[PDB]
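Enquirer: model16.cif is reproduced in full below (mmCIF, C-alpha atoms and all ligand atoms).
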data_run
loop_
_atom_site.label_atom_id
_atom_site.label_comp_id
_atom_site.auth_asym_id
_atom_site.auth_seq_id
_atom_site.Cartn_x
_atom_site.Cartn_y
_atom_site.Cartn_z
CA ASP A 1 49.19 -26.91 44.36
CA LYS A 2 49.51 -23.64 46.30
CA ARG A 3 51.49 -21.75 43.71
CA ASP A 4 48.71 -19.41 42.53
CA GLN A 5 47.56 -18.76 46.11
CA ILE A 6 51.11 -17.74 47.01
CA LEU A 7 51.42 -15.59 43.89
CA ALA A 8 48.08 -13.98 44.71
CA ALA A 9 49.22 -13.18 48.29
CA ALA A 10 52.57 -11.97 46.97
CA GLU A 11 50.99 -9.72 44.36
CA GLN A 12 48.62 -8.26 46.96
CA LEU A 13 51.56 -7.43 49.28
CA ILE A 14 53.61 -5.98 46.39
CA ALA A 15 50.64 -3.92 45.16
CA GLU A 16 50.28 -2.68 48.73
CA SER A 17 53.85 -1.99 49.75
CA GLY A 18 56.16 -2.87 46.80
CA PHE A 19 58.85 -5.39 45.71
CA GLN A 20 61.63 -4.53 48.23
CA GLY A 21 59.22 -4.64 51.19
CA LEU A 22 58.23 -8.26 50.67
CA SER A 23 58.77 -10.61 53.60
CA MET A 24 58.68 -14.37 53.12
CA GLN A 25 57.06 -14.58 56.59
CA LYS A 26 54.16 -12.18 56.00
CA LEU A 27 53.76 -13.82 52.59
CA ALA A 28 53.29 -17.18 54.24
CA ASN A 29 50.94 -15.60 56.81
CA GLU A 30 48.88 -13.87 54.10
CA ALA A 31 48.87 -16.84 51.77
CA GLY A 32 47.87 -19.02 54.68
CA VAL A 33 50.74 -21.49 54.30
CA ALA A 34 53.76 -22.52 56.35
CA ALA A 35 57.05 -20.78 55.37
CA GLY A 36 58.36 -24.16 54.29
CA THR A 37 55.56 -24.45 51.74
CA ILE A 38 56.85 -21.36 49.93
CA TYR A 39 60.22 -23.02 49.36
CA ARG A 40 58.57 -26.01 47.72
CA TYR A 41 57.58 -23.65 44.91
CA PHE A 42 60.15 -20.81 44.82
CA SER A 43 63.88 -21.14 45.50
CA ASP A 44 64.19 -17.69 47.07
CA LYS A 45 62.71 -14.18 47.24
CA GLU A 46 64.33 -13.14 43.98
CA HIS A 47 62.85 -16.05 42.02
CA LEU A 48 59.46 -15.37 43.53
CA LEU A 49 59.68 -11.72 42.37
CA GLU A 50 60.42 -12.77 38.78
CA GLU A 51 57.45 -15.11 38.81
CA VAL A 52 55.33 -12.28 40.12
CA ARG A 53 56.38 -10.00 37.19
CA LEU A 54 55.65 -12.74 34.67
CA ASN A 55 52.33 -13.58 36.25
CA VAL A 56 51.23 -9.88 36.34
CA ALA A 57 52.22 -9.48 32.65
CA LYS A 58 50.17 -12.57 31.78
CA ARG A 59 47.08 -11.26 33.52
CA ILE A 60 47.41 -7.82 31.95
CA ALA A 61 47.73 -9.48 28.50
CA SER A 62 44.54 -11.45 28.98
CA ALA A 63 42.72 -8.46 30.47
CA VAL A 64 43.86 -6.26 27.53
CA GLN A 65 42.76 -8.88 25.02
CA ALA A 66 39.47 -9.88 26.66
CA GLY A 67 36.57 -10.08 24.23
CA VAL A 68 38.73 -9.56 21.16
CA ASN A 69 38.31 -11.84 18.22
CA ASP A 70 40.24 -11.53 15.00
CA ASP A 71 36.95 -11.71 13.05
CA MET A 72 36.00 -8.19 14.26
CA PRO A 73 36.94 -5.20 12.08
CA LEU A 74 40.27 -3.53 12.90
CA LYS A 75 38.83 -0.44 14.57
CA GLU A 76 36.53 -2.47 16.80
CA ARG A 77 39.33 -4.69 17.97
CA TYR A 78 41.25 -1.46 18.66
CA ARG A 79 38.34 0.05 20.60
CA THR A 80 37.81 -3.08 22.66
CA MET A 81 41.42 -3.31 23.82
CA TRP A 82 41.62 0.46 24.36
CA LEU A 83 38.59 0.25 26.69
CA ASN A 84 39.93 -2.85 28.43
CA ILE A 85 43.07 -0.81 29.13
CA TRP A 86 40.95 2.05 30.49
CA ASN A 87 39.13 -0.31 32.81
CA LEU A 88 42.35 -1.71 34.26
CA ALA A 89 43.11 1.66 35.85
CA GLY A 90 43.11 1.51 39.65
CA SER A 91 43.71 -2.26 39.70
CA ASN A 92 46.43 -4.27 41.46
CA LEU A 93 47.86 -5.21 38.02
CA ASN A 94 48.49 -1.58 37.23
CA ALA A 95 49.72 -0.94 40.76
CA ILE A 96 52.34 -3.72 40.60
CA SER A 97 53.60 -3.20 37.09
CA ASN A 98 54.07 0.56 37.68
CA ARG A 99 57.13 -0.46 39.72
CA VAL A 100 58.84 -3.59 38.24
CA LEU A 101 66.74 -5.99 37.96
CA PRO A 102 69.85 -7.01 36.00
CA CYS A 103 69.44 -7.27 32.19
CA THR A 104 69.93 -11.02 31.93
CA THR A 105 66.64 -11.05 33.84
CA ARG A 106 65.49 -7.61 32.44
CA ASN A 107 65.68 -8.79 28.82
CA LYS A 108 64.40 -12.26 29.68
CA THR A 109 61.32 -10.66 31.28
CA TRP A 110 60.77 -8.16 28.47
CA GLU A 111 61.01 -10.90 25.80
CA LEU A 112 58.71 -13.37 27.63
CA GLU A 113 56.14 -10.61 28.20
CA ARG A 114 55.99 -9.55 24.52
CA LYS A 115 54.93 -13.04 23.38
CA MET A 116 51.81 -12.65 25.60
CA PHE A 117 50.29 -9.80 23.48
CA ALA A 118 49.76 -11.86 20.31
CA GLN A 119 46.41 -10.25 19.44
CA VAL A 120 47.90 -6.71 19.78
CA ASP A 121 50.56 -7.64 17.25
CA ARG A 122 48.01 -9.21 14.96
CA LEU A 123 45.96 -5.99 15.01
CA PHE A 124 48.98 -3.81 14.13
CA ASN A 125 50.36 -6.31 11.55
CA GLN A 126 47.01 -6.67 9.89
CA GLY A 127 46.48 -2.94 9.87
CA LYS A 128 49.87 -2.36 8.26
CA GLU A 129 49.28 -5.16 5.76
CA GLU A 130 45.98 -3.48 4.86
CA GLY A 131 47.58 -0.07 4.36
CA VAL A 132 45.53 1.35 7.24
CA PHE A 133 48.29 1.90 9.80
CA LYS A 134 51.54 3.86 9.55
CA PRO A 135 54.47 1.58 8.76
CA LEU A 136 56.14 1.73 12.17
CA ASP A 137 57.34 -1.03 14.45
CA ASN A 138 54.53 -2.44 16.60
CA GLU A 139 56.39 -1.13 19.68
CA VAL A 140 56.10 2.43 18.30
CA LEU A 141 52.46 1.96 17.27
CA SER A 142 51.74 0.66 20.79
CA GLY A 143 53.59 3.59 22.40
CA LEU A 144 51.55 6.07 20.33
CA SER A 145 48.13 4.60 21.08
CA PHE A 146 47.50 1.99 23.81
CA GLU A 147 50.51 2.71 26.08
CA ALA A 148 49.84 6.40 26.03
CA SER A 149 46.18 6.02 27.11
CA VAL A 150 47.32 3.99 30.15
CA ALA A 151 48.41 7.52 31.01
CA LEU A 152 44.96 8.96 30.47
CA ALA A 153 43.40 6.20 32.55
CA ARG A 154 45.98 6.67 35.32
CA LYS A 155 45.47 10.43 35.41
CA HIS A 156 41.64 9.98 35.27
CA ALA A 157 41.55 7.45 38.15
CA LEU A 158 43.73 9.94 40.12
CA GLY A 159 41.21 12.76 39.50
CA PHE A 160 43.12 15.13 37.19
CA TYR A 161 40.09 15.34 34.84
CA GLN A 162 36.55 13.90 34.42
CA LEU A 163 35.73 12.35 31.03
CA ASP A 164 32.15 11.84 29.74
CA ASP A 165 31.32 9.17 27.12
CA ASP A 166 31.50 11.64 24.23
CA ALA A 167 34.91 12.74 25.61
CA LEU A 168 36.12 9.15 25.94
CA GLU A 169 35.11 8.23 22.38
CA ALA A 170 36.87 11.45 21.28
CA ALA A 171 40.01 10.22 23.05
CA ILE A 172 39.76 6.78 21.38
CA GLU A 173 39.38 8.45 17.99
CA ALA A 174 42.30 10.81 18.54
CA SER A 175 44.62 7.94 19.48
CA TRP A 176 43.47 6.06 16.34
CA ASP A 177 44.58 9.18 14.40
CA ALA A 178 48.08 8.68 15.81
CA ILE A 179 48.41 5.22 14.24
CA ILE A 180 46.49 5.53 10.96
CA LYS A 181 47.88 6.99 7.72
CA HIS A 182 46.40 10.38 6.77
CA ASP B 1 72.57 23.76 52.34
CA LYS B 2 71.83 21.59 55.44
CA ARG B 3 68.13 21.90 54.59
CA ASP B 4 69.04 21.25 50.96
CA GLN B 5 71.19 18.27 51.96
CA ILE B 6 68.22 16.76 53.82
CA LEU B 7 65.98 17.41 50.83
CA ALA B 8 68.49 15.74 48.46
CA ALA B 9 68.84 12.76 50.78
CA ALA B 10 65.03 12.49 50.91
CA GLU B 11 64.87 12.46 47.15
CA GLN B 12 67.59 9.81 46.95
CA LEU B 13 65.80 7.50 49.42
CA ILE B 14 62.62 7.96 47.49
CA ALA B 15 64.40 7.15 44.22
CA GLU B 16 65.65 3.92 45.81
CA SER B 17 62.58 2.88 47.88
CA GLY B 18 59.56 5.14 47.14
CA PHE B 19 57.55 6.91 49.87
CA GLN B 20 57.25 3.61 51.74
CA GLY B 21 61.02 3.49 52.37
CA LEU B 22 60.98 7.13 53.52
CA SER B 23 61.05 6.96 57.32
CA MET B 24 62.45 9.85 59.33
CA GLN B 25 64.94 7.48 60.91
CA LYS B 26 66.29 6.28 57.56
CA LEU B 27 66.45 9.92 56.32
CA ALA B 28 68.33 11.10 59.43
CA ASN B 29 70.82 8.37 58.71
CA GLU B 30 71.02 9.03 54.98
CA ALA B 31 71.59 12.73 55.56
CA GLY B 32 74.02 12.07 58.45
CA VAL B 33 71.95 14.09 60.92
CA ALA B 34 69.92 13.49 64.10
CA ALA B 35 66.15 13.07 63.50
CA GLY B 36 65.55 16.22 65.57
CA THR B 37 67.43 18.26 62.96
CA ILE B 38 64.88 17.15 60.34
CA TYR B 39 61.94 18.28 62.51
CA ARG B 40 63.82 21.56 62.94
CA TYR B 41 64.14 22.28 59.21
CA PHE B 42 60.72 20.93 58.08
CA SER B 43 57.94 20.58 60.61
CA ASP B 44 57.12 16.98 59.90
CA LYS B 45 57.22 14.40 57.19
CA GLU B 46 54.13 15.72 55.37
CA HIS B 47 55.74 19.12 54.89
CA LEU B 48 59.09 17.59 53.92
CA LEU B 49 57.13 15.62 51.28
CA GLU B 50 55.32 18.64 49.93
CA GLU B 51 58.70 20.30 49.47
CA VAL B 52 60.06 17.23 47.72
CA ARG B 53 57.09 17.20 45.36
CA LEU B 54 57.39 20.90 44.57
CA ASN B 55 61.13 20.59 44.08
CA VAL B 56 60.81 17.64 41.77
CA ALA B 57 57.91 19.21 39.82
CA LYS B 58 59.85 22.42 39.28
CA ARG B 59 62.82 20.52 37.96
CA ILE B 60 60.63 18.40 35.63
CA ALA B 61 58.83 21.56 34.44
CA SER B 62 62.16 23.26 33.83
CA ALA B 63 63.44 20.34 31.79
CA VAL B 64 60.16 19.92 29.83
CA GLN B 65 60.06 23.53 28.79
CA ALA B 66 63.82 24.13 28.22
CA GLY B 67 64.56 26.17 25.09
CA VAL B 68 60.86 26.82 24.41
CA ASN B 69 60.21 30.31 23.21
CA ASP B 70 56.54 31.32 23.18
CA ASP B 71 56.88 33.31 19.93
CA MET B 72 58.06 30.28 17.89
CA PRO B 73 55.60 28.39 15.75
CA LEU B 74 53.24 25.88 17.43
CA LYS B 75 54.81 22.74 16.00
CA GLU B 76 58.31 23.90 16.84
CA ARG B 77 57.41 24.31 20.54
CA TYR B 78 55.71 20.93 20.37
CA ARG B 79 58.80 19.28 18.95
CA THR B 80 61.11 20.88 21.45
CA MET B 81 58.97 19.73 24.39
CA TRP B 82 58.46 16.24 22.95
CA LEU B 83 62.23 15.78 22.72
CA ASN B 84 62.90 17.39 26.08
CA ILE B 85 60.53 14.72 27.52
CA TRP B 86 62.26 12.05 25.54
CA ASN B 87 65.58 13.00 27.00
CA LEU B 88 64.29 12.95 30.62
CA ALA B 89 63.90 9.16 30.35
CA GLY B 90 66.30 7.13 32.43
CA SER B 91 67.33 10.19 34.41
CA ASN B 92 67.93 10.58 38.11
CA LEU B 93 65.13 13.19 38.15
CA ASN B 94 62.67 11.04 36.23
CA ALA B 95 63.27 8.27 38.71
CA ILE B 96 62.34 10.49 41.68
CA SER B 97 59.32 11.95 39.85
CA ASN B 98 57.97 8.57 38.75
CA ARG B 99 57.77 7.65 42.46
CA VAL B 100 56.01 10.91 43.53
CA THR B 101 48.54 15.74 47.57
CA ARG B 102 46.76 19.04 48.28
CA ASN B 103 44.74 21.41 46.11
CA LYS B 104 47.34 24.10 46.79
CA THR B 105 50.14 21.77 45.74
CA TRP B 106 48.42 20.92 42.46
CA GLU B 107 47.60 24.61 41.75
CA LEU B 108 51.25 25.57 42.34
CA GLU B 109 52.43 22.62 40.19
CA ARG B 110 50.16 23.45 37.32
CA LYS B 111 51.43 27.06 37.17
CA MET B 112 54.89 25.63 36.54
CA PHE B 113 53.71 24.08 33.28
CA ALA B 114 52.17 27.31 31.96
CA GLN B 115 53.97 27.05 28.59
CA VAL B 116 52.46 23.66 27.98
CA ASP B 117 48.97 25.09 28.63
CA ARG B 118 49.62 28.07 26.32
CA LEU B 119 50.68 25.66 23.54
CA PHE B 120 47.45 23.70 23.78
CA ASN B 121 45.24 26.78 24.31
CA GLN B 122 46.74 28.63 21.36
CA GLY B 123 46.45 25.60 19.07
CA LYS B 124 42.82 25.09 20.01
CA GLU B 125 42.07 28.78 19.60
CA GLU B 126 43.68 28.71 16.16
CA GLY B 127 41.68 25.71 14.99
CA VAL B 128 44.78 23.54 14.83
CA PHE B 129 44.14 21.19 17.79
CA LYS B 130 41.10 19.04 18.60
CA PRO B 131 38.89 20.85 21.09
CA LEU B 132 39.75 18.63 24.01
CA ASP B 133 40.91 19.31 27.54
CA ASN B 134 44.62 20.09 27.88
CA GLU B 135 45.18 17.09 30.13
CA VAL B 136 43.65 14.88 27.44
CA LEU B 137 45.67 16.50 24.66
CA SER B 138 48.80 16.04 26.75
CA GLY B 139 47.79 12.44 27.47
CA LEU B 140 47.43 11.75 23.72
CA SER B 141 50.75 13.26 22.66
CA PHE B 142 53.51 13.94 25.20
CA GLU B 143 52.71 10.69 27.13
CA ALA B 144 53.59 8.88 23.94
CA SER B 145 57.00 10.49 24.28
CA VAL B 146 57.18 9.22 27.92
CA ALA B 147 56.17 5.61 27.00
CA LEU B 148 58.49 5.30 24.04
CA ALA B 149 61.35 7.06 25.81
CA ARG B 150 61.01 4.75 28.81
CA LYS B 151 61.16 1.53 26.76
CA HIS B 152 64.05 3.08 24.93
CA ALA B 153 66.01 4.07 28.04
CA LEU B 154 65.54 0.58 29.48
CA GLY B 155 67.30 -0.79 26.42
CA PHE B 156 64.16 -2.67 25.43
CA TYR B 157 63.49 -1.13 22.06
CA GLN B 158 65.75 1.11 19.88
CA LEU B 159 64.30 3.85 17.62
CA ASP B 160 66.58 5.12 14.87
CA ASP B 161 66.35 8.79 13.85
CA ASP B 162 63.88 8.42 10.98
CA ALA B 163 61.67 6.39 13.36
CA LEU B 164 61.89 9.06 16.06
CA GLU B 165 60.91 11.75 13.53
CA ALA B 166 57.98 9.57 12.39
CA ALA B 167 56.86 9.08 15.98
CA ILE B 168 56.93 12.82 16.59
CA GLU B 169 54.70 13.28 13.52
CA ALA B 170 52.38 10.47 14.51
CA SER B 171 51.78 11.90 17.98
CA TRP B 172 51.07 15.31 16.38
CA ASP B 173 48.39 13.57 14.33
CA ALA B 174 46.71 12.52 17.58
CA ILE B 175 46.17 16.15 18.64
CA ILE B 176 45.49 17.99 15.36
CA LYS B 177 42.16 18.08 13.52
CA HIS B 178 41.94 16.13 10.32
CL CL C 1 52.22 -28.17 48.97
#
Please express the file's structure as structure tokens.
Ligand SMILES: [Cl-]

Expert:
Amino acid sequence: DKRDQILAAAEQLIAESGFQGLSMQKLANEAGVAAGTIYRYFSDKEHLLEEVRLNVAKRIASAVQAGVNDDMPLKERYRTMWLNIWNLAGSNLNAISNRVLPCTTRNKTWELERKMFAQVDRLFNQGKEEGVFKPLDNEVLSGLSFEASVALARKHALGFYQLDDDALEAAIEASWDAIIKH
Amino acid sequence: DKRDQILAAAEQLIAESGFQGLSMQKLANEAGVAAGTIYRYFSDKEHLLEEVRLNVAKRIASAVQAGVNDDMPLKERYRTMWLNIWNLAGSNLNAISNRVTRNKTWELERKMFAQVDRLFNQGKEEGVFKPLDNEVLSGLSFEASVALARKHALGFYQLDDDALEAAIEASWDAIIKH
């Protein structure tokens, strides 16, 4: 089964030179398969692209959630994921997803991707249940904390500022302030 | 206006295809000119691109700081900017900026956002804000406006008014001392 190999080649090419650039021929060349092999797995370029988006979302979700267990205290689960996000900066996953349609597909993709972040939801739900977090939708809590520090990571990896360990922990703490009740 | 036409065409191609779809041939064709005319008005693609970046940055800076008066209270300026950012989402201009360097370019760009720096410097000097770097303070607050606004413009998630007000307060919590 060459599906992952093809997705890996595809993702590399998209990271490199984007969605619209993708050639089925170079894909086959880079994946090391005949063109015909690609069509045994994907009906056409457009279906391949959707599978790429879903596959990138799945990898991000497992990277973000790596090392988390729901036994940890809330703040430690938060810190772990926050730091996993920081360490994704400069990766292919970030590169690809910073681009990502109609809205039959657009909403399909969005909905399928949300299901993949089950431990992020459990953190925010548990926090709200415990009276620790502000009572906002998990999408808002995510936007105020995790999703925003993608921005810090991005701007750090691109050189806009250097952050020492004291400074990083200060950033983690400040973002926690955004989501906790005061 | 011919120069400006080329610049607008450049920005449009970039909005559609990024810097990787910006070839001089494609631009000539998008602007309805010969490629020579491009070389005449900019010297080369690098210089065309620096002008695109500066143009786009100035327009973003203008939008971000619209209606901000330096004498108003700290939190009022904050709110105005947070909402200005929110309303950039889904725009033409945000598209082109998303897709877009020298030290001189960055120095010139930063000067355009001087009000944003004065907000953070004044709040730190007054003991209101956490003593962090302005880029970090901005990362902790206004980038929440960007993330939320994006998801919102895409039609992914809808924030009613009370929720938007709460989100503005929450992101203020990130940057103030407690
Ligand atoms: Cl096969």

Enquirer: So which residues are near ligand CL 1 (chain C), meaning at most 12 Å away with only C-alpha atoms and all ligand atoms counted, given back as a ChimeraX atom specification?

Expert: /A:1-6,32-42

Enquirer: Selection from above, C-alpha atoms, as a PDB file, keeping the file's coordinate frame, can you write it?

Expert:
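Wrote it out as out_11.pdb, contents follow:
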ATOM      1  CA  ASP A   1      49.190 -26.910  44.360  1.00  0.00           C
ATOM      2  CA  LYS A   2      49.510 -23.640  46.300  1.00  0.00           C
ATOM      3  CA  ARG A   3      51.490 -21.750  43.710  1.00  0.00           C
ATOM      4  CA  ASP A   4      48.710 -19.410  42.530  1.00  0.00           C
ATOM      5  CA  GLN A   5      47.560 -18.760  46.110  1.00  0.00           C
ATOM      6  CA  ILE A   6      51.110 -17.740  47.010  1.00  0.00           C
ATOM      7  CA  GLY A  32      47.870 -19.020  54.680  1.00  0.00           C
ATOM      8  CA  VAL A  33      50.740 -21.490  54.300  1.00  0.00           C
ATOM      9  CA  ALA A  34      53.760 -22.520  56.350  1.00  0.00           C
ATOM     10  CA  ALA A  35      57.050 -20.780  55.370  1.00  0.00           C
ATOM     11  CA  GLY A  36      58.360 -24.160  54.290  1.00  0.00           C
ATOM     12  CA  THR A  37      55.560 -24.450  51.740  1.00  0.00           C
ATOM     13  CA  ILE A  38      56.850 -21.360  49.930  1.00  0.00           C
ATOM     14  CA  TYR A  39      60.220 -23.020  49.360  1.00  0.00           C
ATOM     15  CA  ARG A  40      58.570 -26.010  47.720  1.00  0.00           C
ATOM     16  CA  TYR A  41      57.580 -23.650  44.910  1.00  0.00           C
ATOM     17  CA  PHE A  42      60.150 -20.810  44.820  1.00  0.00           C
TER      18      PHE A  42
END

Enquirer: Which neighbours of residue B:138 fall inside 9 Å, counting all atoms listed in the file, when residues of the same chain fewer than 4 positions from it are skipped, and could you give them as a VMD selection string?

Expert: (chain A and resid 152) or (chain B and resid 116 120 133 to 134 142 to 143 175)

Enquirer: Within 12 Å of residue B:119, counting all atoms listed in the file, which residues qualify if same-chain residues fewer than 3 places away don't, as a ChimeraX atom specification?

Expert: /B:65,68-81,113-116,122-126,128-129,134,137-138,175

Enquirer: At a cut-off of 9 Å, which residues of chain B touch chain A? Count all atoms listed in the file and give the answer as a ChimeraX atom specification.

Expert: /B:17-18,20-21,98-99,130,132-133,135-148,151,154-157,159,163,166-167,169-178

Enquirer: Could you save those same residues with C-alpha atoms as a PDB file, keeping the file's coordinate frame?

Expert:
ATOM      1  CA  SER B  17      62.580   2.880  47.880  1.00  0.00           C
ATOM      2  CA  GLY B  18      59.560   5.140  47.140  1.00  0.00           C
ATOM      3  CA  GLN B  20      57.250   3.610  51.740  1.00  0.00           C
ATOM      4  CA  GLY B  21      61.020   3.490  52.370  1.00  0.00           C
ATOM      5  CA  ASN B  98      57.970   8.570  38.750  1.00  0.00           C
ATOM      6  CA  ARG B  99      57.770   7.650  42.460  1.00  0.00           C
ATOM      7  CA  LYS B 130      41.100  19.040  18.600  1.00  0.00           C
ATOM      8  CA  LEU B 132      39.750  18.630  24.010  1.00  0.00           C
ATOM      9  CA  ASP B 133      40.910  19.310  27.540  1.00  0.00           C
ATOM     10  CA  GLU B 135      45.180  17.090  30.130  1.00  0.00           C
ATOM     11  CA  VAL B 136      43.650  14.880  27.440  1.00  0.00           C
ATOM     12  CA  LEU B 137      45.670  16.500  24.660  1.00  0.00           C
ATOM     13  CA  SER B 138      48.800  16.040  26.750  1.00  0.00           C
ATOM     14  CA  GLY B 139      47.790  12.440  27.470  1.00  0.00           C
ATOM     15  CA  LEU B 140      47.430  11.750  23.720  1.00  0.00           C
ATOM     16  CA  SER B 141      50.750  13.260  22.660  1.00  0.00           C
ATOM     17  CA  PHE B 142      53.510  13.940  25.200  1.00  0.00           C
ATOM     18  CA  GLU B 143      52.710  10.690  27.130  1.00  0.00           C
ATOM     19  CA  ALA B 144      53.590   8.880  23.940  1.00  0.00           C
ATOM     20  CA  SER B 145      57.000  10.490  24.280  1.00  0.00           C
ATOM     21  CA  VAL B 146      57.180   9.220  27.920  1.00  0.00           C
ATOM     22  CA  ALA B 147      56.170   5.610  27.000  1.00  0.00           C
ATOM     23  CA  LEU B 148      58.490   5.300  24.040  1.00  0.00           C
ATOM     24  CA  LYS B 151      61.160   1.530  26.760  1.00  0.00           C
ATOM     25  CA  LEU B 154      65.540   0.580  29.480  1.00  0.00           C
ATOM     26  CA  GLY B 155      67.300  -0.790  26.420  1.00  0.00           C
ATOM     27  CA  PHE B 156      64.160  -2.670  25.430  1.00  0.00           C
ATOM     28  CA  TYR B 157      63.490  -1.130  22.060  1.00  0.00           C
ATOM     29  CA  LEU B 159      64.300   3.850  17.620  1.00  0.00           C
ATOM     30  CA  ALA B 163      61.670   6.390  13.360  1.00  0.00           C
ATOM     31  CA  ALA B 166      57.980   9.570  12.390  1.00  0.00           C
ATOM     32  CA  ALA B 167      56.860   9.080  15.980  1.00  0.00           C
ATOM     33  CA  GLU B 169      54.700  13.280  13.520  1.00  0.00           C
ATOM     34  CA  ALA B 170      52.380  10.470  14.510  1.00  0.00           C
ATOM     35  CA  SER B 171      51.780  11.900  17.980  1.00  0.00           C
ATOM     36  CA  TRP B 172      51.070  15.310  16.380  1.00  0.00           C
ATOM     37  CA  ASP B 173      48.390  13.570  14.330  1.00  0.00           C
ATOM     38  CA  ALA B 174      46.710  12.520  17.580  1.00  0.00           C
ATOM     39  CA  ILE B 175      46.170  16.150  18.640  1.00  0.00           C
ATOM     40  CA  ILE B 176      45.490  17.990  15.360  1.00  0.00           C
ATOM     41  CA  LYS B 177      42.160  18.080  13.520  1.00  0.00           C
ATOM     42  CA  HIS B 178      41.940  16.130  10.320  1.00  0.00           C
TER      43      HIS B 178
END

Enquirer: Measure the distance from atom CA of residue A:166 to atom CA of residue A:125 in Å and round it to one decimal.

Expert: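 Going from atom CA of residue A:166 over to atom CA of residue A:125 covers 29.0 Å.
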
Enquirer: From the list B:30, B:4, B:14, B:55, which residue is nearest residue B:42 when using all atoms listed in the file?

Expert: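 Looking only at the distances to residue B:42, the closest residue turns out to be B:4.
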
Enquirer: I need the residue nearest residue A:83 from this list: A:65, A:22, A:10, A:53. Use only C-alpha atoms for the distance.

Expert: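 Looking at the shortest contact to residue A:83, the residue is A:65.
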
Enquirer: Grab the atom CA of residue B:152 to atom CA of residue B:94 distance for me, in Å with one decimal place.

Expert: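 One can read the atom CA of residue B:152 to atom CA of residue B:94 distance as 13.9 Å.
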
Enquirer: Record the distance separating atom CA of residue A:126 and atom CA of residue A:69, expressed in Å with one decimal.

Expert: 13.1 Å

Enquirer: For residue B:25, please output as a PyMOL selection string all residues within 10 Å (counting only C-alpha atoms; exclusion window: fewer than 6 positions along the same chain).

Expert: chain B and resi 33-36+38

Enquirer: Restrict the selected residues to C-alpha atoms and save them as an mmCIF file, in the coordinates of the input.

Expert:
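Result file is again-v4.cif:
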data_model
loop_
_atom_site.group_PDB
_atom_site.id
_atom_site.type_symbol
_atom_site.label_atom_id
_atom_site.label_comp_id
_atom_site.auth_asym_id
_atom_site.auth_seq_id
_atom_site.Cartn_x
_atom_site.Cartn_y
_atom_site.Cartn_z
ATOM 1 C CA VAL B 33 71.950 14.090 60.920
ATOM 2 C CA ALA B 34 69.920 13.490 64.100
ATOM 3 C CA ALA B 35 66.150 13.070 63.500
ATOM 4 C CA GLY B 36 65.550 16.220 65.570
ATOM 5 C CA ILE B 38 64.880 17.150 60.340
#
